[PDB]
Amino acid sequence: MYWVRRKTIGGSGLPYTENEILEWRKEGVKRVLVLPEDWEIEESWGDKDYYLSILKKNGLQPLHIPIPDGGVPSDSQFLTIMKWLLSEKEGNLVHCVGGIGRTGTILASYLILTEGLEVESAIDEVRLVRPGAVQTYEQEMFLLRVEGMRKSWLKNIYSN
């Protein structure tokens, strides 16, 4: 894995073994935002529920918000993601399959919202620790929209 903001938020690809999950725990991960789709998880773990149970067995709290490869969260997914990541701010890991496109987009969007970074600066901050982070046109357009809508996103995230 890689930390974008040390011990607060980081990223990874999809683990294939429990050893990798143990290493997340050793690094200080406490909570995992699982972005792959069921079919991607099932290839490596048989069943999505089994995979989440292995995360829980290892003392990690998971949330499954499936995003297709090359894609972006829907608005409801994004609200749910940001409430999750800001609910308990320390020890958050986000992962997709490669840890580059989908995860990089979520991590960049987190920096835009929390720190007020411009899009290019947020992408660059993730790329310091994850080369190539944020891969597709759709992901770039999503970040543009999030930046432009920062105030309204924060209002909705911190409501209730």
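All residue numbers refer to positions in the sequence shown, first residue = 1.
For the pair 43-51 and 61-69, the mean B factor over Cα atoms is greater in 43-51. Taking the mean C-alpha B-factor of each stretch as recorded, 99-107 and 112-120 are not equal, and the higher mean is that of 112-120. The PDB entry assigns residue 74 a C-alpha temperature factor belonging to the middle third of its chain's modelled residues. Sort the chain's modelled residues by C-alpha temperature factor and residue 34 lands in the lowest third, per the entry.
Looking at the C-alpha B-factors along this chain, the one for residue 128 belongs to the highest third.
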